[PDB]
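*Asks:* quick one, fold the following:
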Amino acid sequence: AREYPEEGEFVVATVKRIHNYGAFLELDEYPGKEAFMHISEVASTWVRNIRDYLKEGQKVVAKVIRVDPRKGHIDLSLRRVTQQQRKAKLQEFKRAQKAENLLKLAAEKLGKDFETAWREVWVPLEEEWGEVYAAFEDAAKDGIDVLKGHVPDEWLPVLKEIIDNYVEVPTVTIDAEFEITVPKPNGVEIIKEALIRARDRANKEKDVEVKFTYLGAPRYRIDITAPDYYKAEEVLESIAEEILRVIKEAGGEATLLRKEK
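*Replies:* Numbers count the residues shown, from 1 in each chain. Below is the structure:
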C-alpha cells in the first residue's frame, strides 16, 4: 500500500549492518526502505555484545516503535515481541511468501514480466481480499471464477492450473443418521462390528473418510467426507446397503432417515 510501515506494525527485516549502538535493518516487505534498531531494543536487559543477538543477513520480526516517512527513518524494536506476537507475523509472511511463488510461477507459464503482473493481480487481490493467498485458496475451493472480472480474463487458466497443483484439495462433507436395532444379547457387539466393518471398508477409497458417532439408542450418525457431494451422496448409499443388509442377515433392522417421499 503506502510507502512506509504503520505506526505499530510487526515487521520482518534483514540485519543489514550492526554496531556498538544498534542495527540497521532493511524491511524485507518494503523494497529498499531501511530501518534502525537501537541497542536499547535488542533485549529486555542492556546487552553486553549485540553480536550474541544479531548477525549480518539475519532475518527478524520487530515492532515499528516510531516512524517518520518524510525522512525515511524507521525505528525498530525487538523487546516488545512475545512468542505469539512473532509467529503471528512469521506466519502471514510465510503465507504471502507462498502466495508470491505462485504468482511468480504464473509469469513463467503465461510468459510475462514480474512487475507487469504484480500490478494486475497481486494488487487487485491484496486489495479486494486482504490477503492474496487467501484469495488463491478460496479460488481453490469455490472455483477459479471467484477471480473473474477482478483480474484479467487471460490469467485465470494458468492460475487454476498452478493453484490446484501446489495448493490443496478442499473437500465436502455430509451428516446422516441411522436407526439401527438388533434384538440379541450382543446386538451392540454386531452393530458396532457392523459399522466398523462398513467404515474401514469405505475409508479406503482415498479422499474419503467415514465416521460413526453413536448418539443414543437406536441412532448412530455417519459423517461422510468425500471430495464432492456427488461422491459423498454415493458413499452414503454404499454404506446404506452395506449396513441394512448385514444387520438384517444377523436378524436386525437398520434404516436411514431422509426419505420423506
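
*Asks:* can we go C-alpha only for contacts and neighbour counts from here?
*Replies:* Will do.

*Asks:* contacts for stretch 232-252?
*Replies:* 172-174, 180-183, 190-191, 194-195, 198-199, 202, 224-226, 253-256 (Cα atoms under 8 Å, 6 or more residues apart in numbering).

*Asks:* check stretch 128-148 too.
*Replies:* Residues outside stretch 128-148 that contact it (Cα under 8 Å, 6+ apart) are 95-96, 98-99, 122, 125-126, 156, 159-160, 163-164, 167-170.

*Asks:* looking at those, which one is closest to residue 116?
*Replies:* The nearest member of these to residue 116, counting by Cα to Cα, is residue 122 at 10.4 Å.

*Asks:* ok so, going back, show only the entries of the contacts of stretch 232-252 found in strands.
*Replies:* Cross-referencing the contacts of stretch 232-252 against strands under DSSP state E gives 174, 180-181, 224, 253-255.

*Asks:* how about these in a markdown table, adding neighbour count?
*Replies:* Converted to a markdown table, the ones in strands among the contacts of stretch 232-252 look like this (neighbours: other Cα atoms under 10 Å):
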| residue | neighbour count |
| --- | --- |
| 174 | 15 |
| 180 | 20 |
| 181 | 19 |
| 224 | 27 |
| 253 | 17 |
| 254 | 21 |
| 255 | 16 |
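
*Asks:* what are the boundaries of the helices in the stretch 1-150 of the chain?
*Replies:* Applying DSSP state H, counting those that start in this stretch to the stretch 1-150 of the chain gives helices spanning 83-109, 115-118, 122-128, 132-142.

*Asks:* so after the last one, what's the next helix or strand?
*Replies:* Right, the one you point to is helix 132-142. Using DSSP states H and E, the helix or strand that follows helix 132-142 in sequence is helix 156-166.

*Asks:* may I see the buried residues of that following helix?
*Replies:* Across helix 156-166, burial judged by 16 or more other Cα atoms under 10 Å covers 156, 158-160, 162-164.

*Asks:* can you add distance to residue 34 and give the residues you listed back as JSON lines?
*Replies:* Shown next, in JSON lines, are these (distance: Cα to Cα, whole Å):
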{"residue": "156", "distance to residue 34": "36"}
{"residue": "158", "distance to residue 34": "35"}
{"residue": "159", "distance to residue 34": "34"}
{"residue": "160", "distance to residue 34": "37"}
{"residue": "162", "distance to residue 34": "34"}
{"residue": "163", "distance to residue 34": "34"}
{"residue": "164", "distance to residue 34": "37"}
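
*Asks:* taking the residues you listed together, which two end up most distant?
*Replies:* It's 156 and 164 that sit farthest apart of the buried residues of helix 156-166, by Cα to Cα, at 11.8 Å.

*Asks:* most tightly packed of the helices of the stretch 1-150 of the chain?
*Replies:* Mean neighbour counts were compared across the helices of the stretch 1-150 of the chain using mean count of other Cα atoms under 10 Å; the top stretch is helix 132-142, at a mean of 19.

*Asks:* quick one, that helix and helix 156-166 angle?
*Replies:* When axes from the mean of the first three to the mean of the last three Cα atoms, to 10 degrees is applied, the directions of helix 132-142 and helix 156-166 differ by 90 degrees.

*Asks:* just the CA atoms of helix 132-142, as CSV, please.
*Replies:* C-alpha atoms of helix 132-142 as CSV (Å, rounded to 0.1, in the frame of the first residue of the first chain):
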residue,chain,number,x,y,z
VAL,A,132,-3.5,-12.9,-1.8
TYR,A,133,-3.0,-16.4,-0.6
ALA,A,134,-6.5,-16.5,0.9
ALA,A,135,-7.9,-15.4,-2.5
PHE,A,136,-5.8,-18.2,-4.1
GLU,A,137,-7.1,-20.6,-1.5
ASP,A,138,-10.7,-19.6,-1.8
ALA,A,139,-10.2,-19.8,-5.6
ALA,A,140,-9.1,-23.4,-5.0
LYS,A,141,-12.2,-24.1,-3.0
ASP,A,142,-15.1,-22.2,-4.6
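
*Asks:* having no further points to raise, I will conclude here.
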